[PDB]
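Start at 1 and go down the list; that is how both ligands and their atoms are numbered. Just the heavy atoms: all of them, side chains too, but no hydrogens, waters or symmetry mates, feed the values below. Each residue takes its place number in the sequence, starting with 1.
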Amino acid sequence: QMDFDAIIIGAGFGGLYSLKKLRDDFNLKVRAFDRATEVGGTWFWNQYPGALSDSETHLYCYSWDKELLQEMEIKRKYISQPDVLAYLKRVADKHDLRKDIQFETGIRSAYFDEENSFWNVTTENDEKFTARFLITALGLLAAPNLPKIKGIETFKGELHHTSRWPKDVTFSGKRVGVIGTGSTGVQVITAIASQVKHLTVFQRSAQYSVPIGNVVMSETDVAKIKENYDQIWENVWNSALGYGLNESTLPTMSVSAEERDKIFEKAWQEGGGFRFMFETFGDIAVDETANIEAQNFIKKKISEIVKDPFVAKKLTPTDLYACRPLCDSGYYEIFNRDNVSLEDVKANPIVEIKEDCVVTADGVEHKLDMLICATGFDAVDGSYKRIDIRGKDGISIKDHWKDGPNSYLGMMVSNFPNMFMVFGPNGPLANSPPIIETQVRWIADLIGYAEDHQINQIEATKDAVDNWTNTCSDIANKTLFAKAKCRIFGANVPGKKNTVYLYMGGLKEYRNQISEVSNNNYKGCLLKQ
Ligand SMILES: Cc1cc2nc3c(=O)[nH]c(=O)nc-3n(C[C@H](O)[C@H](O)[C@H](O)COP(=O)(O)OP(=O)(O)OC[C@H]3O[C@@H](n4cnc5c(N)ncnc54)[C@H](O)[C@@H]3O)c2cc1C
Ligand SMILES: NC(=O)c1ccc[n+]([C@@H]2O[C@H](COP(=O)([O-])OP(=O)(O)OC[C@H]3O[C@@H](n4cnc5c(N)ncnc54)[C@H](OP(=O)(O)O)[C@@H]3O)[C@@H](O)[C@H]2O)c1
């Protein structure tokens, strides 16, 4: 009666595993869609200079295919964007995935049918499809947050947002400006500084960055990893972050200053943001005195690398909370270069943009041939609201989430039956591929349980969703996060919203949580026959 058992939106990490698991392991008839012309998700769209993974190469991948784990290329310690794209293309090749992906096809609307209990999916070309279940693997790539700057539309030079980075960009002889110093801006600035006539960095808020330590991987090291891949993945599932770290329980202020400086320095040499934050000590994100110790080590490193003390001052975070640092391949070193200028657009904001320059509040005209906007995106739920998703009683996801996202286990939304989110909001804070695998296998097991027991409508209750929001709030309020403003709580509603964007108990406890549900006849889920 319906076109498919399941429809998947997205052909990235999440969508490709959702397709493989439902079609080949559970034998469902499924069609996937993506606006892209190729698989990859964020790794097909984000081809900006310096794009690099946050987790090491041997862990930023799938674990469910052992043959592929052995054949995988481990070139450098972290993996660049074109290599992630080539890997995901290889996954699609090996498992015959593309024949059930409709490319160059965006989904405009998905309407649930409380009669007959399936979903009505319309593409932007007015193609209509029906399916019992809807799998949303949308990521967080929509939509580009561009700087709201007076006159930015009059700029006659090259203007790119890092998410829409065009090929064939050349840098020599050009005066280039970069707005934004987050992870993307740090990666772009570090990669292009040596290639331009002059680089201006327009930073609104300095952030802490630690070295990434991206080194080439020896053939012995690669063989060492593959020989022990089963234990490596077992460590991922029994950890909180899934980054292959020895997650410390050691209190920061329980060692001498000599010892503390040695522990921070060892992680600094090795590289890695989460390593510096969670392999050194166990309370950096929970205790303020511990946090200040981590910051002071990075501030000290900034003041040593950056030789001009006034540029180092400008680069030093004033916030006072190292609530997750970035990673870089030589970011602070860039600012010793004679062709790099740092503009504190907090104490000197960009007021307007003319045809050939960026004007700051001090009147200075910063002449530019190129303006790179590394300015971020919408919130996590932004990708969901940009689709017309109507569930029970015809309520839209825009309205149900007008105050921020909320869900059950990060995978189910009340008033939206038969819809299952992959890497959606209210999920765990950990490495993405292990999270995506955990969710795809749990969702497929639920769909298989429904195909047997002949149930055709699965729905989370308002109580369970609120129980999940409580659990996240209880855990997140134990930490320093929010107070550093990391946009994990985005609430502020008169009757308290406390929409908690992340479950922060770790990947191991997250698998514990959703296992309680699956074991206990899916408590919190409305089953209908
Ligand atoms: C440079 C970079 C490095 C990163 N490194 C790490 C890391 O080391 N560790 C980590 O955990 N995370 C990392 N991330 C985060 C990253 O988003 C996740 O790791 C992962 O790629 C998310 O995969 P996904 O399939 O869930 O979403 P995506 O890769 O974003 O795929 C979403 C796809 O759904 C499509 N789509 C959306 N909406 C619609 C619609 N209405 N119709 C049709 N199609 C649609 C999109 O076009 C997109 O192709 C990194 C991100 C970037 C940009
Ligand atoms: N794993 C990785 O290595 C990696 C790589 C890329 C992205 N990500 C993730 O994907 C998300 C996006 O990363 P992102 O770096 O592109 O965006 P981002 O983290 O949100 O940072 C955006 C930067 O642009 C600045 N900015 C925004 N609007 C501005 C304005 N109007 N004027 C001046 N400055 C402005 C911001 O300054 P303010 O802070 O002052 O607002 C900020 O420094 C992040 O959450 C990140 O975790 C991860």
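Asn492 CG: 12 or fewer foreign heavy atoms inside a 6.0 Å radius. Around NZ of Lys508, the count of heavy atoms belonging to other residues, nucleotides or ligands within 6.0 Å does not exceed 12.
Applying the side chain to side chain contact (heavy atoms under 4.5 Å, CB included) test between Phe118 and each of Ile7, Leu134, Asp113 identifies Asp113 as the sole match.
The proximity of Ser55 to ligand 1, defined as any non-hydrogen pair under 4.0 Å, involves the side chain as well as the backbone. Looking at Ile436 against ligand 1, only its side chain comes within 4.0 Å, counting heavy atoms. Looking at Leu52 against ligand 2, only its backbone comes within 4.0 Å, counting heavy atoms. At a heavy-atom distance under 4.0 Å, only side-chain atoms of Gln187, from C-beta outward, approach ligand 2. Under 4.0 Å from ligand 2, the heavy atoms of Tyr48 that appear belong solely to its side chain. With a 4.0 Å cut-off on non-hydrogen atoms, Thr105 touches ligand 1 through its backbone and not its side chain. Residue contacts with ligand 1 for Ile387 involve side-chain atoms from C-beta outward but no N, CA, C or O (heavy atoms, distance under 4.0 Å).
Nearest-residue assignment for atom 20 (C) of ligand 1 (options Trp45, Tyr60, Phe377, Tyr384; heavy-atom criterion): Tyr60. In this comparison of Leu88, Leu241, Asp54, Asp388, the heavy atom closest to atom 5 (N) of ligand 1 sits on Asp54. Across the listed options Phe33, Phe274, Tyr78, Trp43, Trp43 owns the non-hydrogen atom lying nearest to atom 51 (C) of ligand 1. Across the listed options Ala32, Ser183, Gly41, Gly41 owns the non-hydrogen atom lying nearest to atom 31 (O) of ligand 1. When the options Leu146, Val380, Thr375 are ranked by their closest heavy atom to atom 26 (N) of ligand 2, first place goes to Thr375. Counting heavy atoms only, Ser183 comes closest to atom 5 (C) of ligand 2 of the residues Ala374, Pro349, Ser183, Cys327.
Among all protein heavy atoms, the one lying closest to atom 39 (O) of ligand 2 is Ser205 OG, 3.4 Å. Atom 47 (O) of ligand 2 has its closest protein heavy atom at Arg324 NH2, 4.2 Å.
Considering backbone and side-chain atoms together, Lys148 places no N or O closer than 3.5 Å to any N or O of ligand 2. Considering backbone and side-chain atoms alike, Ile107 places an N or O below 3.5 Å from some N or O of ligand 1. Considering backbone and side-chain atoms together, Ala51 places no N or O closer than 3.5 Å to any N or O of ligand 1. Considering backbone and side-chain atoms together, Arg204 places an N or O closer than 3.5 Å to an N or O of ligand 2. Residue-to-ligand polar distances place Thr184 within reach of ligand 2: an N/O pair is separated by less than 3.5 Å. Considering backbone and side-chain atoms alike, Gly14 places an N or O below 3.5 Å from some N or O of ligand 1. Between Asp34 and ligand 1, a contact under 3.5 Å exists for at least one N or O pair. Considering both main-chain and side-chain atoms, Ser53 never comes within under 3.5 Å of ligand 2 through any nitrogen or oxygen pair.
Heavy atoms of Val345 come nearer than 4.0 angstrom to ligand 2 in no pair at all. Look at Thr123 and you'll find every heavy atom at least 4.0 Å from all atoms of ligand 1. Under the 4.0 angstrom criterion for non-hydrogen atoms, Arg487 is not in contact with ligand 2. Not close to ligand 1: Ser383, with no non-hydrogen atom less than 4.0 angstrom away. Under a 4.0 Å heavy-atom criterion, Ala142 is not in contact with ligand 1.
Within ligand 1, the atoms closer than 4.0 Å to a non-hydrogen atom of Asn431 are 9 (N), 10 (C), 11 (O), numbered from 1 in the order shown. Close contacts of ligand 1 with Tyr48, meaning ligand atoms under 4.0 Å from a residue heavy atom, involve 1 (C). Every atom of ligand 1 with a heavy atom of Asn46 under 4.0 Å away is listed here by number and element: 53 (C). Distances below 4.0 Å separate heavy atoms of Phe13 from the following atoms of ligand 1: 23 (O), 25 (O).
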Take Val413 and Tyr384 through the test side chain to side chain contact (heavy atoms under 4.5 Å, CB included) and record every step on the way to the result.
CA-CA 12 Å; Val413 195; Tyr384 278 88; over 6 Å; no
Walk me through whether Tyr17 and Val91 qualify under side chain to side chain contact (heavy atoms under 4.5 Å, CB included).
CA-CA 9 Å; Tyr17 191 36; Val91 175; over 6 Å; no
Test ring pair (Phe, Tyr, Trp, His ring centres under 6.0 Å) on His58 and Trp233; report intermediate values, then the result.
CA-CA 10 Å; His58 65 294; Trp233 282 113; 8.2 Å; no
Please test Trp119 against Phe133 for ring pair (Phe, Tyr, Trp, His ring centres under 6.0 Å), starting from the C-alpha separation and ending with a verdict.
CA-CA 7 Å; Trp119 277 90; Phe133 308 103; over 10 Å; no
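The aromatic ring centroids of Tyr48 and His161 lie 6.0 Å or more from each other.
For the residue pair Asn238/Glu234, the side-chain donor-acceptor check at 3.5 Å is not satisfied.
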